[PDB]
Amino acid sequence: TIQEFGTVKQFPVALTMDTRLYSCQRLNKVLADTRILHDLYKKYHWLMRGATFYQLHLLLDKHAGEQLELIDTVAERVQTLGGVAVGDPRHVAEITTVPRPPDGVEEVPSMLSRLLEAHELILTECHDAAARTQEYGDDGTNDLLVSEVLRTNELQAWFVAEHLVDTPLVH
Amino acid sequence: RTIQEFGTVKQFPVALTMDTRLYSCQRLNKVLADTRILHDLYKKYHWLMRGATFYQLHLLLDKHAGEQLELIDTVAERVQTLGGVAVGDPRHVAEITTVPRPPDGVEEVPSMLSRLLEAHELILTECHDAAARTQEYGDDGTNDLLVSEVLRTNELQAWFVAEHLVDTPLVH
Amino acid sequence: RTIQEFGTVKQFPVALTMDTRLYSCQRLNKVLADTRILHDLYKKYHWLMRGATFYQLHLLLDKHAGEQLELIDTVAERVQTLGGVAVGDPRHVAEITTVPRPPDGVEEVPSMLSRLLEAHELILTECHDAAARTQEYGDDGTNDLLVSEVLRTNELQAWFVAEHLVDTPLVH
Amino acid sequence: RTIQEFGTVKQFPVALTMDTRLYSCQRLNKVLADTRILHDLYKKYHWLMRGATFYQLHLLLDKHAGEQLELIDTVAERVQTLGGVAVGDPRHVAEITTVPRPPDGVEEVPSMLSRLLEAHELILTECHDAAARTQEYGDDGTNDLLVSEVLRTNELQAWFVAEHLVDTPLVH
Amino acid sequence: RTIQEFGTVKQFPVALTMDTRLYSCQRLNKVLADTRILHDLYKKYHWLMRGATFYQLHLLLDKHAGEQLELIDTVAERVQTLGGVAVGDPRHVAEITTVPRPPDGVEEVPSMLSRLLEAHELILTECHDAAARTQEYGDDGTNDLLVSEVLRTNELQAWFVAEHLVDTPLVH
Amino acid sequence: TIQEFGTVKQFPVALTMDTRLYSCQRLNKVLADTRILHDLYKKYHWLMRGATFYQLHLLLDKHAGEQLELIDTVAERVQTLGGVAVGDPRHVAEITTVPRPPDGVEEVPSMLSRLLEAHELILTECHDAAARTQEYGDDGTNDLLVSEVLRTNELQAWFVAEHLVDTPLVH
Amino acid sequence: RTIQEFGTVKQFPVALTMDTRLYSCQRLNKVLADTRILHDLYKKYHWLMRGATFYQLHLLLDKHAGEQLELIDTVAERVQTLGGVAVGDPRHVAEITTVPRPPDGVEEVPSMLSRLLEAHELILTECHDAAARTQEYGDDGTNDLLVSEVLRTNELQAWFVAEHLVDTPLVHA
Amino acid sequence: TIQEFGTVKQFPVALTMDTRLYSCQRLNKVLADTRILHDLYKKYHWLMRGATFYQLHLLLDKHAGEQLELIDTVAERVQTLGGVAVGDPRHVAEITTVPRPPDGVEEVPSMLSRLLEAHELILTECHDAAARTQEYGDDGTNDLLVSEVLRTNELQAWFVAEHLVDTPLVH
Amino acid sequence: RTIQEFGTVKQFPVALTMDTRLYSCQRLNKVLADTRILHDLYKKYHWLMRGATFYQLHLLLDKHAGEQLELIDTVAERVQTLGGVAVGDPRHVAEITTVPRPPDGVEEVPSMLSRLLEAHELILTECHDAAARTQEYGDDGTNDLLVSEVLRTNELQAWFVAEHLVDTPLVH
Amino acid sequence: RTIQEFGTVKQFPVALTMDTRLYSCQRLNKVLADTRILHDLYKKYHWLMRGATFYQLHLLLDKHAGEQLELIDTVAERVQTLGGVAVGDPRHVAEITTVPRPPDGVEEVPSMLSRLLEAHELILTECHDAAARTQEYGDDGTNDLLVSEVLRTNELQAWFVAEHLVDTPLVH
Amino acid sequence: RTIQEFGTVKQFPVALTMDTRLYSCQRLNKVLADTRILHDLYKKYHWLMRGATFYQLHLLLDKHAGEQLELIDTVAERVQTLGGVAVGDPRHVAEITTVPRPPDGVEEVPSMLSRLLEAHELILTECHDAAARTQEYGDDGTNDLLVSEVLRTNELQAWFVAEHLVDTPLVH
Ligand SMILES: [Fe+3]
Ligand SMILES: [Fe+3]
Ligand SMILES: [Fe+3]
Ligand SMILES: [Fe+3]
Ligand SMILES: [Fe+3]
Ligand SMILES: [Fe+3]
Ligand SMILES: [Fe+3]
Ligand SMILES: [Fe+3]
Ligand SMILES: [Fe+3]
Ligand SMILES: [Fe+3]
Ligand SMILES: [Fe+3]
Ligand code: NA
Ligand code: NA
Ligand code: NA
């Protein structure tokens with residue numbers, strides 16, 4: 001094994017080893033939680049049912065695609081810093097704090113609430129990680145976490161949360 | 001210095017009399033003002049939407065807004081083509097339109113949809129009248145714009161909006 | 001004057017016996033006829049849809065209609081490729097199909113969805129049988145068209161439609 | 001349960017009287033039924049074509065079929081926009097259309113083309129009449145659809161098809 | 001051995017009487033000849049342009065030329081659709097057109113622009129009159145082409161060109 | 001009315017009610033001013049005339065298209081925070097401090113100046129809103145204000161201001 | 001130095017026995033050799049075409065050539081995927097194909113079309129047989145390639161070509 | 001008139017006035033003949049008839065569009081040399097040597113034959129003009145005449161001439 | 001029945017003499033035969049490639065194959081344009097080409113690349129000589145084809161291929 | 001005649017003080033000069049590349065060059081937006097930059113890669129410092145450009161380049 | 001360790017003698033150095049532009065810069081194809097080019113335009129000569145690149161630029 005998980009290599013990218021180590025630790029937690037959220041979106045894209053099936057099917061897929069891009073961008077930021085991005089999902093399972101859903105099919109409003117819980121969890125960790133990596137001098141990491149991870153999750157949580165509003169649709 | 005007053009037409013090489021062009025411009029500016037309000041109502045509701053059909057209605061309302069924005073630009077360009085002055089700032093629009101102001105906050109979903117239908121019907125009524133009158137004065141191009149673009153677009157959109165107001169079972 | 005009768009195959013350079021080609025043509029024309037009715041059921045419901053999920057189902061039904069139209073053309077061209085005659089006018093379709101005629105007017109939404117699912121199931125049942133028999137007679141290409149295109153498309157479409165019938169809460 | 005009968009219009013906020021809407025719907029349904037047969041004649045001949053100009057006619061007939069299919073959807077949506085019920089299943093189309101049924105099998109090429117032309121001319125005649133009558137009732141949008149889309153598309157298609165029947169030398 | 005003389009129409013299955021078709025062809029051919037000259041004026045000035053606004057005007061005049069070339073094809077195809085003969089070689093165009101010949105060399109910029117506007121106005125004047133008369137003879141399609149495409153295009157183009165001739169300060 | 005203007009609802013976006021409410025207040029001001037600026041650009045696209053007509057007609061339309069996207073993004077941000085985006089232009093008129101132009105056609109250089117004045121008013125409010133929202137913990141709103149609203153208006157203002165420079169064009 | 005001889009398979013991690021892979025590669029290479037000649041016949045006639053229907057046939061023959069070229073690549077890659085060696089230089093193709101060589105010069109139009117139909121029929125006969133035998137050996141993927149691509153494409157193409165040989169009136173008597 | 005037809009202005013494109021005047025004279029002749037040929041292709045695209053109508057209608061339009069591009073490139077080369085491109089078609093008529101067709105509809109094979117006579121007239125001129133312009137040092141004009149004008153017209157002549165071959169199509 | 005023998009040119013209106021066209025056809029057919037071999041060598045190696053740079057070389061060799069395939073078509077069409085007969089079946093190519101036949105199986109990677117370079121160099125030597133001779137005989141267009149397309153493409157490809165054979169350190 | 005000297009800012013309507021805009025323009029011109037050298041190094045190595053990974057590295061270096069070219073334009077425009085004067089001719093760049101000049105000829109592959117990494121590191125170091133100081137002066141837009149575009153693009157590019165320098169077994 | 005010195009050519013399989021290749025590389029590197037400066041002049045003026053025609057000239061200058069950037073890459077690749085070393089760092093460009101350095105700051109608009117015309121003429125002059133001589137030494141491909149790409153592009157761009165310097169009335 002030529003590089004252990006949790007170490008960084010000597011990289012000429014104008015950031016100290018301690019800053020790069022710290023950023024990789026923070027990014028990998030966001031990454032593990034985003035991996036789970038992408039798979040929750042795909043799970044609900046497949047398992048959806050009900051009179052709004054096609055609308056929610058399509059919405060959940062649009063969110064999964066955007067989460068997939070977040071995953072790749074965050075992982076490549078870990079590599080760019082000289083670290084090792086979390087790889088196999090059995091490792092993601094050890095790092096993440098997004099809870100495991102039931103193996104079978106939940107009620108539709110439970111599926112939506114679970115996605116929102118995951119969004120809020122990531123959003124909270126993201127605000128803190130963005131603040132701390134900035135304090136370490138890692139401007140590029142802070143910009144990634146805010147402009148991409150935080151803004152994408154906030155807009156997604158909006159689209160999902162408005163579907164849970166119980167309000168009449170016809171007079 | 002104002003180089004041209006609102007409510008006037010200039011000498012223009014477009015083979016229609018001054019009186020004809022002034023009249024078409026007055027009729028087009030009314031349709032233009034009401035359409036400006038209707039574009040903004042569709043965006044208002046695109047943003048404020050909520051409920052179990054949010055993504056469907058968010059998307060549909062945006063499709064209709066984009067179509068209204070295109071109508072704005074082509075009716076405004078028609079006014080300019082006729083040598084007139086298209087309505088500009090929305091504070092001026094406010095003085096010309098008869099589409100009522102909605103509440104500042106968030107209405108119930110069916111009220112938003114009913115308000116869009118009222119605005120459609122208002123514009124359709126004006127369009128039929130304006131198309132007949134402009135035709136009579138010989139402005140064939142304005143009549144064509146009003147019928148083929150403004151009227152037909154607003155009819156089709158009112159259909160799409162009206163169907164979502166139907167209360168009917170979705171499951172057995 | 002008729003240059004080729006319906007229900008015949010011509011001498012054709014495609015390495016299948018006349019017997020095999022005649023039989024594949026007959027089974028394809030049944031599938032083509034039921035598919036023609038299904039396409040038209042999807043367009044009928046695309047137009048006649050109403051209710052709180054209008055735009056959603058309007059779009060979904062058009063998506064399925066477009067996919068059925070492509071199946072129609074691929075199946076028809078397969079009939080021709082085997083030297084047969086594909087079913088043409090819809091009055092001939094009517095005499096071949098076993099998909100029942102819906103009411104002339106507007107059904108309840110969930111009855112429209114149930115009617116589609118019944119037409120899917122009838123086509124799927126025929127496909128399984130037609131694919132097995134044409135395979136036994138050696139028409140590998142026909143079996144591949146019927147399994148990979150007709151059967152798979154209808155199975156997936158039936159899934160999309162049947163999920164909309166599930167009566168399940170959407171909000172807490 | 002039928003929730004709307006064929007041949008009725010519902011109350012609808014499109015600024016046209018019930019009279020006008022009902023009459024436009026009847027006229028549009030007849031054009032729609034004839035167009036449905038014409039679309040299927042183009043596809044039939046797309047598949048059944050043969051002879052030294054096969055690829056060129058296979059392609060031309062498909063281009064025309066695609067244009068007819070869009071006219072069908074536009075015309076049907078216009079019926080729905082007027083609060084009417086668009087003709088759905090082709091067994092209903094068969095009861096409304098006056099375009100005759102061709103042979104089940106394969107006709108001579110010039111006869112297929114002639115049958116297309118007779119169908120176009122029937123639709124063109126219907127169109128000029130419906131256009132003039134719907135205009136008299138104030139349905140400006142229906143008139144514009146019939147003229148700018150249905151009439152002009154069928155006139156241009158008839159020209160392309162008719163030129164193929166000219167018996168004229170191709171080489172010196 | 002010419003197979004059809006210019007100025008005639010052949011018997012043609014487009015539901016319009018020979019008298020109606022012949023008249024529409026005569027009017028369309030006049031619009032065609034003028035538009036041919038106008039396209040070539042736009043190209044000449046695209047190439048011969050110069051001055052501080054060269055690139056802007058070079059692009060605008062090409063944009064207009066491209067739109068006129070499409071009008072040429074549509075109008076010519078309409079003549080053929082009606083069974084007539086569209087004007088061909090530019091030496092025949094030169095006998096029909098009333099658009100004046102420009103100098104062979106290079107005019108001042110404002111003169112090129114005024115010449116364009118004069119051509120536009122001549123076409124628009126012809127268009128209004130032909131649209132009214134073809135409509136009287138019942139040629140609904142030809143009226144729609146002349147108004148929705150020929151007239152409205154030239155109206156807008158003349159607006160874009162005319163605004164460049166306004167002498168007004170650009171800077172404080 | 002199911003939610004009053006000037007309020008925020010309970011919403012799962014991991015930000016306190018006070019921070020969200022303040023963000024929505026600042027964004028609605030930016031949004032009203034931007035709504036006027038979009039309409040100024042469209043007004044001048046149509047009313048333009050003179051020797052540079054096509055050039056300016058195209059430029060003002062490019063800028064209007066960009067402002068229209070900013071409107072939609074800022075309004076969706078208000079909604080994302082559980083707030084209510086300014087809707088009808090008669091409400092916009094009560095919030096904006098961008099002045100009303102004449103109803104008619106002004107001189108070309110006067111149109112250009114009026115656009116610049118509007119840009120400058122927006123930029124001024126943007127620098128202030130970006131600093132204050134960041135101090136309250138609303139990272140995403142700060143990023144939207146800086147990366148999108150401020151940078152777009154700075155760039156547009158440059159393009160418009162260069163057309164005002166009285167300098168020779170030929171020898 | 002040869003690093004792998006033609007007509008062998010290497011040890012390859014694709015869950016198919018050496019005997020199964022070797023047999024599929026022999027059948028695929030014959031189809032590939034015949035399809036190489038058929039591609040080149042369609043390009044030959046795309047160039048040499050003439051007559052009142054020149055542009056129609058010129059286009060149609062190119063559409064078919066492009067489809068045959070994509071079949072060649074897909075079949076060759078299948079041979080490589082099985083650890084085999086795809087037939088390379090056309091002088092080797094010459095030794096494997098059974099599609100007859102045409103005249104060097106320009107034939108009559110209906111003879112060109114007939115020669116294409118004869119080549120399709122040859123390939124279709126080989127495909128049904130190779131599909132059945134590769135399926136019996138357990139090479140599901142090879143069977144699917146031969147049926148869904150090779151067979152179906154050649155069937156459809158033969159239809160389009162064969163219809164142009166129908167002698168039938170085009171205008172009324 | 002600020003510049004007479006048949007003159008070249010002083011222009012910073014590294015070729016003598018004499019060379020430029022001669023190239024422009026040769027290009028304007030190619031251009032006038034090309035204008036007539038563009039219009040012949042459009043004429044026949046519209047007047048076409050018979051069992052191969054759609055085929056020939058499409059081919060003639062494909063060739064017309066290629067001729068239209070050659071017109072624009074050739075005219076722009078005239079301008080680039082500081083000359084004046086032939087403008088109105090009434091002027092083309094005075095320069096061209098392509099004969100006028102009947103006003104009405106000719107037989108299909110005479111249409112094609114007339115196109116070929118027009119191609120051949122242009123090809124013959126191009127070979128001569130390419131050689132003469134090269135000898136005077138106008139390398140750019142020679143490349144335009146050879147690579148664009150000559151090669152397009154040769155390929156078009158091939159596609160047109162093959163349609164005149166009287167040969168069986170069926171056995 | 002052969003209607004035109006290989007190695008002849010028919011009368012053809014391309015403004016080049018019969019002896020000129022015959023010589024250009026002969027030269028173009030030798031280029032064409034050699035290019036047909038080179039295309040098939042690129043494809044052979046695209047498939048047979050292996051080693052640590054497999055993907056990069058698989059992609060490069062396919063890019064060059066696709067460019068050679070367009071050269072073939074353009075060169076063959078040029079022979080036809082001149083009234084000649086382009087080499088067709090690969091068994092005829094085999095009789096004309098001087099590019100040697102590779103081993104039937106898999107060579108070492110650097111021998112593959114060297115064999116491509118030897119084929120390029122053969123085609124380039126022929127091309128310079130053919131471009132000079134066809135030019136002297138007045139066939140300007142054939143010279144331009146040989147230089148601008150055949151020569152330049154082969155020279156660029158040979159550079160890309162040759163750089164991969166440079167033995168040089170890649171890491172410190 | 002210079003109408004604005006290099007190293008000055010003009011009075012400009014972008015809500016930042018003259019001192020703030022002058023300082024940003026200084027820092028941005030240094031980043032700009034170094035980035036100009038870096039783009040040209042990527043293009044130099046795109047062309048000079050050789051060896052067994054030629055095509056891979058040729059493509060990667062072009063991808064990075066294109067990204068650097070876009071940063072050049074965005075940074076140069078930011079200087080202009082601030083009312084400054086962006087560095088123009090490469091002879092002025094050479095007076096400002098601190099990226100050292102490479103050999104005129106061809107270096108070993110890993111020395112090319114090392115030189116790029118040293119250039120990235122230089123730029124990255126300048127950028128962190130410029131981003132901090134411009135933010136302190138209130139130039140939020142310049143800080144955002146330096147961090148989100150210049151810094152993040154150089155950091156990602158350095159990673160891709162660095163990985164190619166790792167000596168590790170590739171085969172079994 | 002320099003693995004090839006600048007100003008040399010390596011043994012390379014491209015059918016041209018070492019002396020021929022060396023000379024073409026010399027002439028191409030001079031064109032390349034000059035073009036590198038001209039690219040940078042166009043980008044400098046794209047950024048520094050100002051005045052009433054700012055947008056039009058900003059777009060025109062960028063169009064021309066993108067065309068020069070492609071020429072740089074094609075010419076440099078031709079040097080490498082011939083086994084030479086293309087000029088890399090702009091500090092080496094500075095030692096080869098004869099296009100003078102412009103002022104560091106902002107010139108008047110007509111001065112920018114005149115300076116571009118000067119650089120185009122210098123390049124055109126060099127190009128005519130180099131095309132003649134490399135053709136004399138048998139380098140057909142290099143002559144073709146110089147004439148069809150470098151000369152023709154510079155002549156066209158000089159035309160576009162030069163027309164903006166014509167002092168001529170824009171309005172009556
Ligand atoms: Fe990636
Ligand atoms: Fe506009
Ligand atoms: Fe088809
Ligand atoms: Fe539809
Ligand atoms: Fe056309
Ligand atoms: Fe939106
Ligand atoms: Fe491949
Ligand atoms: Fe042009
Ligand atoms: Fe071809
Ligand atoms: Fe730029
Ligand atoms: Fe390159
Ligand atoms: Na569809
Ligand atoms: Na219309
Ligand atoms: Na950003």
Side-chain angles (χ1 to χ4, degrees), chain A residues 31 34 38 65 67-80 85 87 144 148, chain E residues 39-40 42-49 54-66 68-69, chain G residues 39-40 42-49 54-66 68-69, chain H residues 31 34 38 59 62 65 67-80 85 87 144 148 151 154-156 158-159 162, chain I residues 32 35 66 68-81 86 88 145 149, chain J residues 60 63 152 156-157 159-160 163, chain K residues 60 63 152 156-157 159-160 163:
Chain A
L31 185 51
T34 296
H38 164 86
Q67 295 288 332
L68 190 74
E69 292 320 295
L70 291 181
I71 287 165
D72 188 70
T73 299
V74 174
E76 282 188 8
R77 182 73 181 170
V78 171
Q79 298 307 125
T80 287
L144 169 55
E148 301 189 41
Chain E
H39 166 86
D40 289 346
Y42 270 118
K43 295 298 305 195
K44 164 189 180 79
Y45 296 149
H46 172 72
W47 301 320
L48 308 198
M49 194 49 56
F54 171 77
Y55 187 50
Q56 162 195 282
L57 289 182
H58 177 84
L59 294 182
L60 181 60
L61 296 175
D62 211 26
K63 181 172 110 77
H64 287 192
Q68 292 294 335
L69 195 72
Chain G
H39 167 80
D40 285 352
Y42 264 113
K43 291 304 299 192
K44 178 193 169 75
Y45 295 150
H46 169 73
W47 300 317
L48 296 194
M49 182 59 46
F54 168 79
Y55 183 57
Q56 166 184 94
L57 288 181
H58 175 83
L59 292 180
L60 178 65
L61 302 171
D62 214 30
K63 176 192 187 273
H64 294 189
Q68 293 286 341
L69 187 74
Chain H
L31 189 51
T34 301
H38 168 85
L59 180 60
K62 174 193 192 287
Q67 297 286 338
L68 188 82
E69 300 303 322
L70 292 175
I71 286 156
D72 186 73
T73 303
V74 174
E76 288 189 3
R77 180 76 184 167
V78 178
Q79 304 302 129
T80 290
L144 160 68
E148 299 184 55
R151 279 184 63 192
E154 292 173 319
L155 191 72
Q156 294 191 357
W158 171 56
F159 271 76
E162 294 299 19
Chain I
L32 189 50
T35 299
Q68 291 290 336
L69 185 75
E70 294 320 305
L71 303 168
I72 288 165
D73 183 80
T74 300
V75 175
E77 288 190 4
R78 182 77 185 166
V79 165
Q80 306 302 127
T81 292
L145 171 58
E149 301 183 51
Chain J
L60 175 61
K63 177 171 111 81
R152 279 185 62 195
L156 186 72
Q157 289 184 4
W159 172 48
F160 279 71
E163 294 306 329
Chain K
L60 175 65
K63 179 187 187 281
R152 282 184 63 194
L156 193 67
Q157 281 188 359
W159 171 55
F160 272 68
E163 295 304 353

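These numbers come from the heavy atoms of this one structure, side chains and all, not from hydrogens, waters or symmetry mates. The chains referred to below are lettered A, B, ... by the order of the sequence lines, with proteins before strands, and numbering in each begins at 1. Order of appearance sets the numbers: ligands from 1, and atoms from 1 within every ligand.
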- Where E/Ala65 and E/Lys43 come nearest, the two heavy atoms and their spacing: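 Reported closest heavy-atom pair: CB-CD, 3.6 Å.
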- Task: Please say whether the positively charged group of G/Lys63, taken as NZ for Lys or CZ for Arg, lies over the ring of G/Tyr42, i.e. under 6.0 angstrom from the six-membered ring centre and within 45 degrees of the axis.
- Result: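 Relative to the ring axis of G/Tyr42, which defines the angle, G/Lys63 lies outside at least one limit.
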- Item | J/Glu163 and A/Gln79: side chain donor to acceptor below 3.5 Å |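 There is no such pair between these side chains.
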- Message: Parallel, tilted or perpendicular, judged at 30° and 60°: which one describes the rings of H/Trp158 and G/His58?
- Response: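 The rings of H/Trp158 and G/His58 stand perpendicular, inter-plane angle above 60°.
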- Task: Among the N/O/S atoms of H/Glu76, select the one at the shortest distance from the Fe ion (ligand 8) and name it.
- Result: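 Result for H/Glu76 and the Fe ion (ligand 8): OE2.
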- Are any N, O or S atoms from H/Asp72 nearer to the Fe ion (ligand 8) than 2.8 Å?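 For H/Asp72, the answer is yes, given that an N, O or S atom comes within less than 2.8 Å of the Fe ion (ligand 8).
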- Task: Check whether any N, O or S atom of G/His46 sits under 2.8 Å from the Fe ion (ligand 9).
- Result: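 It does; at least one qualifying atom falls short of 2.8 Å.
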